[PDB]
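Structure record follows, encoded as structure tokens.
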Amino acid sequence: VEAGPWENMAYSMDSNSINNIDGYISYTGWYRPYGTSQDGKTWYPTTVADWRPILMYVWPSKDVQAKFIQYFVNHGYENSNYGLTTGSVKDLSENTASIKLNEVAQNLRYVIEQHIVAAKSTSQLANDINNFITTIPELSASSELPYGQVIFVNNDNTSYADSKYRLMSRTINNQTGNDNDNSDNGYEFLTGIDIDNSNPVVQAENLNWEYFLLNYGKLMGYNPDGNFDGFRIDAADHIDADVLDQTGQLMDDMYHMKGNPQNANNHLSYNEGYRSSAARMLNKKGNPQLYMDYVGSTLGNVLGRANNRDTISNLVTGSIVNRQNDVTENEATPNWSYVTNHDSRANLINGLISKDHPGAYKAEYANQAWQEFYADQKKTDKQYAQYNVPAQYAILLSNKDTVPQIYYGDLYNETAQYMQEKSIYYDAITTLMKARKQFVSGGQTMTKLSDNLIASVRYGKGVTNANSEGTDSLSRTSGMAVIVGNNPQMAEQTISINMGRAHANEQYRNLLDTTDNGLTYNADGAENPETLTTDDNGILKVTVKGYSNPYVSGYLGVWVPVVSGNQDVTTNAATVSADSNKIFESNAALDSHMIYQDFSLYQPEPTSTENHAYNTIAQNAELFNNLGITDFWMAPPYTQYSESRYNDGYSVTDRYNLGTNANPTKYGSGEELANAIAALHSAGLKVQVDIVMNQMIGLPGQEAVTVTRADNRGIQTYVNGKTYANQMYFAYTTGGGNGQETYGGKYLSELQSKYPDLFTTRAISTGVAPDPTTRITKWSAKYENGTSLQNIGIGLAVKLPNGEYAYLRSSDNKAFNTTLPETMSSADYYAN
Ligand SMILES: [Ca+2]
């Protein structure tokens, strides 16, 4: 026939006329029909401008088709001349004859075309669709059942996304797939596209990625000494612990760390974690990385609270190391400790944001918490911020068997431009850091005096416990006493600290004491004079009382020997270990190191090239060495998701583009990074990169992927009594940038040549070696465990009445034959 409803057929049976992701078609998708009509008599051919929503021509079921009609007629498109009234359509439903809902929808379709001409656009239509969709449970976004994640699963419709692997929650001691520890060993999913670190190809891409970072400058042709020396492993509790093994193996191979504590300690690496099960996990592996200890919280609870504080003695037991008389080496779990870090600050400011604007909408100018925080930090009665900040760093920096980590935002006002403003705790913390390098070595003993007052003593270099004679030149004139109370109204009393028997009749300097206004570094207006002297057994009598001021809620006194000039107690590493199965060993040579975290989530965008963190770091390279920082923890340098909240580096889109001149990150360019590392190497520090293996966030590319609602362990769960499995999901899963395309897998050939064991050593969790035979030049579902929910929904993929998916063949998409809804494809259909 010359004209008719056959012109509902798509203009062309290809992507030029039909919206598809990977051949698959949506109920929110659009297409170009050959023709359209407003009455049924007169049919006009479309131009390339004339597309229409599929959901006028095709439905998941006859029910949705009935509610489509009823909805549209009640929301504007009634017309009695075409048999469409709220009354003529009232009793339609799933049991209505197919032929009748077809007929009525064809009529509804004419009125929609009348509406479109009356408005000269398809804009109101589009709106009315989106609005209708939200009234249908199976079409609206809430069908994906918030809040959590899906996992990607094998399915023949999406076979390009299949994996034999996706071994999930092989985390910490669960690596071996047999969770029998009766304890907390982490889970796979945090947020964003979760990366499958059990996949052997991805495991090899990780070794490629790490090799790039350890040679960044040289490979990029920037500063040929701008290369990272180790790793801060992000989300260590939330990835296949195979990579933790395989990273230690890389480093040992490249840098021969197993035999030499010297090599090992020049290539420091530390795992982020909040679960003590990691200690045991690393111990069993010979400690290829440091374990993040939890004394940070012991401190905050004992010293930081308003007033509801744990007894002082908690500082002795509240750690992976008991320090009540720690007078041995190589026994403790090699660890890194902290007073504060980026995430600990964020959780204070957030929350203080939930009282400014009530758990409502952060995506706005709720800053003011900072103005309000800074204002609180100066008070004596702090409503929010941590109390005894200096007392917390005093304990941290005098503790044996740890590598302490300093937080950028404690030395500086973090929301100001990078390093423009010193904090009110700068003088106090930098004084303690500098004292650490001059004085802290030997055994440790923490003795509780009265009720709320402890004394932490370090005996000196080569003074192994309170009874040692001392063995080093620096023994006599080293060691430190850190007196700490946590009760503002503690009474006046004289106490006695055993400084060690190596310290009989020795003069001691009042490095830091407590005044009414705050702190003094000159014994000025404190409880004690500038010098005090021990007796013949090493006991030092000291006066103490409680105080209440911006810096001290309780007491803080620090004593060290009188020295005739500058001295450095740091013990050098041996060129041979006393175990050689161990990578890292907790001894005086490890305790000579001190980590610095160089960033905050709330760090601002740089206002000028000079204000770039990489440039400001480079110019202050010698300040960090002066402070005693040996190891520099750089923020993740990767390209970020443009709509990320903090632009911090954890929401990565390109693992290999660390910034350009034209386009830097928050911290700057790559050339500028290479520069800053060269600067830090010249000042004598080693530097580690924050490596992010768990998630990628904001990948631009859509893919048709098969999914199953799951909890954070990656196991299917129910939300309010509902779940789904094996559902189609049009998810943002594909990307990596031009860096992943250029550098991804680029060095695997070189790696296999120099270090073959990397790809012959079978991973614990899979029993398979990492696989260098495939380069990852672009991330997709196949290398991913899944995603947090993307607010798109589960019932959009188009199934034809016979139950199969509608599919459109298209050059890249040849997994099936083209099979399309009759209404938009079948000349035969329309012929009757
Ligand atoms: Ca993960």
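Hey, what do the phi angles of the range 757-762 turn into as Karplus ³J(HN,Hα) couplings, whole Hz, using 6.51/-1.76/1.60 and θ = phi - 60°, x for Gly and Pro?
These are the phi-based 3J(HN,Hα) values: 4, 3, 10, 10, 6, 7 Hz.
Report, by chain and number, residues whose modeled amide H sits under 5 Å from the one on residue 403, excluding near sequence neighbours (fewer than 5 apart, same chain).
335, 336, 337
Once the convex hull of the C-alpha atoms of the range 338-446 is built, how many Å³ does it hold per residue, rounded to a whole number?
125 Å³
Along the charge dipole of the chain, pointing to its positive end and built from +1/-1 on Cβ of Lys, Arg, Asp and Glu, which listed residue (274, 373, 521) has its Cα farthest out?
Positive-end residue among those listed: 274.
Sorted by packing (mean other beta-carbon atoms within 10 Å per residue), highest first, where do 193-199, 156-162 land?
Averaged packing, sorted descending, gives the order 193-199, 156-162.
Taking H placed 1.01 Å from N in the peptide plane, check which residues at least 5 places from residue 660 or on another chain put their amide H under 5 Å from its amide H.
The answer is 665, 670.
Going by amide H atoms built from the backbone, whose H comes under 5 Å of the H on residue 515, apart from near neighbours?
Placed amide hydrogens put 520 under 5 Å from residue 515.
Given +1 on the Cβ of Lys and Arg, -1 on the Cβ of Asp and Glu, and no further charges, what dipole in debye does the range 324-368 carry about its Cα centre, rounded to the nearest 20?
That gives the range 324-368 a dipole magnitude of about 380 debye.
Counting pairs of Cα atoms in the range 698-780, how many percent are more than 16 Å apart? Display every interim value, and only then the final one.
Details: 2370 of 3403 pairs.
Considering the range 698-780, 70 percent of its Cα-Cα pairs are separated by more than 16 Å.
Once phi is turned into θ = phi - 60°, what whole-Hz ³J(HN,Hα) does the Karplus curve with 6.51, -1.76 and 1.60 give for every residue of the range 490-503, x standing for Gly and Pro?
Once rounded to whole Hz, the list reads 4, 7, 6, 7, 9, 10, 9, 10, 7, 7, x, 7, 6, 10.
Please list 592-600, 106-114 highest first by mean number of surrounding beta-carbon atoms within 10 Å per residue.
Put in order of decreasing packing, that is 592-600, 106-114.
Cα centroids of the range 728-778 and the range 95-173: how far apart, whole angstrom?
Result: 35 Å between the Cα centres.
Given the range 293-687, what whole percent of its Cα pairs are spread farther than 33 Å?
Beyond 33 Å sits 34 percent of the P(r) for the range 293-687.
Of 805, 65, 124, which is farthest along the charge dipole of the chain in the positive direction, counting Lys and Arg as +1 and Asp and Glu as -1 at C-beta?
About the Cα centre, the residue reaching furthest to the positive side is 65.
Semi-axes of the equivalent ellipsoid of the range 166-297: what are they in whole Å, largest first, if each equals the square root of 5 times a C-alpha gyration tensor eigenvalue?
For the range 166-297, the ellipsoid semi-axes come out as 26, 18, 14 Å.
Could you give the nm distance between label points at residue 531 and residue 741, where each point is 7 Å from its Cα heading toward the beta carbon?
Once both label points are built, they end up 7.2 nm from each other.
Report, in listed order, any pair from 362/382; 686/746; 62/782; 382/541 with a Cα-Cα distance greater than 28 Å.
Violating the 28 Å Cα-Cα cut-off are 62/782; 382/541.
Could you state the number of Å between the C-alpha centres of the range 183-224 and the range 276-308?
24 Å
What is the ratio of the Cα radius of gyration of the chain to 2.2 N^0.38 Å, where N is its residue count, to two decimals?
Output field value: 1.16.
So how strong a dipole does the range 504-649 carry about its Cα centre when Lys and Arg Cβ are +1 and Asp and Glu Cβ are -1, to the nearest 20 debye? Could you put the intermediate results ahead of the total?
Values: 5 positive and 19 negative charges, 34 e Å.
Charge dipole of the range 504-649: 160 debye, to the nearest 20.
Work out the length of the dipole vector of the range 464-577 about its Cα centre, built from +1 on the beta-carbon of each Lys and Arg and -1 on the beta-carbon of each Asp and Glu, and round it to the nearest 20 debye.
Here the size comes out at about 180 debye.
Starting at the first residue of the range 158-172, write each ³J(HN,Hα) from the Karplus equation 6.51 cos²θ - 1.76 cosθ + 1.60 with θ = phi - 60°, in whole Hz, x for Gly and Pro.
Each residue's phi maps through the Karplus curve to give 10, 5, 4, 9, 7, 8, 6, 9, 6, 6, 10, 6, 7, 10, 6 Hz.
At q = 0.09 Å⁻¹, what base-10 log of I(q)/I(0) does the Debye formula yield for the range 267-408 when every alpha carbon is treated as an equal point scatterer in vacuo?
With one equal scatterer per Cα and no solvent, log10 I(q)/I(0) is -0.34.
Past the 32 Å Cα-Cα mark, which pairs from 722/799; 90/799; 378/461; 355/422; 355/434?
378/461; 355/434
For the range 293-687, with the dipole built from +1 on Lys and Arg beta-carbon atoms and -1 on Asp and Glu ones, taken about the Cα centre, which of 484, 390, 438 lies farthest toward the positive end?
The Cα lying farthest towards the positive end belongs to 484.
Over all alpha-carbon pairs of the range 52-209, lay out the pair-distance distribution in 10 Å bins, whole %, shortest bin first.
Final binned percentages: 9, 26, 20, 14, 15, 12, 4, 0.
Cβ atoms come from the backbone with ideal geometry, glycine included; neighbour counts cover every protein chain shown. All of the numbers you see were taken from the coordinates with simple rules; none came from a lab.
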